[PDB]
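Residue numbers (my numbering), protein chains in the order written: chain W, 1 to 63; chain S, 101 to 157.
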C-alpha cells in the first residue's frame, strides 16, 4: 500500500474509534445520571396505572 | 401537621326528629316525595364537598 493510503486510513480508524470511546463514556455518564435521578426514559420502574381508578360516586360520600 | 377544625356544639344544635324507625319507614315514601328538594340539595352537597362540616346548614 501507499503511505498515503495507510496514513489516511489510520486517521479514519482513529476518528471512528475515538468517537466510539467518547460515546461509551457518555453512555456510562447517562446511565449513572438516569439511575440517580430517575428522570430519563431508562430505569422507569413501573407504578400503578391511574386509569384503574373508579371515579364514580360511591355508596358513601366521605371518600 | 395542622389542627383539625371542628364546629362548636352550638352549630350542632337542632330540633331532632325523635321518631322510631317504623315511624320513619311507614312515612317513608311520602317523605321521599314531599321532602325531595332540600334532601337532594343536602346529598348533592354531601357527595360534592366530601366533608360533613361543609354540609351542616
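A virtual CB, placed ideally from N, CA and C, is assigned to each residue, including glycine.
Host alpha helix (DSSP H) of residue i (start-end)
i: residue 142(S); result: 136-149
i: residue 63(W); result: Premise fails: residue 63(W) is in no alpha helix (DSSP H) and is neither H nor E.
i: residue 15(W); result: 3-37
Simplified DSSP assignment, three categories, for residue i
i: residue 161(S); result: The shown model of chain S, from 101 to 157, leaves out residue 161(S), and the question about it has no answer.
i: residue 109(S); result: coil
i: residue 129(S); result: helix
i: residue 46(W); result: coil
i: residue 124(S); result: helix
i: residue 51(W); result: helix
i: residue 57(W); result: coil
i: residue 152(S); result: helix
Pair within 8 Å by beta-carbon distance, residue i and residue j
i: residue 150(S); j: residue 57(W); result: no
i: residue 35(W); j: residue 43(W); result: yes
i: residue 107(S); j: residue 146(S); result: no
i: residue 156(S); j: residue 111(S); result: yes
Neighbourhood of residue i by C-beta, 7 Å cutoff - its chain only, sequence neighbours within 5 removed
i: residue 40(W); result: 34
i: residue 118(S); result: none
Cut-off 8 Å between Cβ atoms - residues of its own chain near residue i, not counting five sequence neighbours on either side
i: residue 6(W); result: none
i: residue 142(S); result: 155
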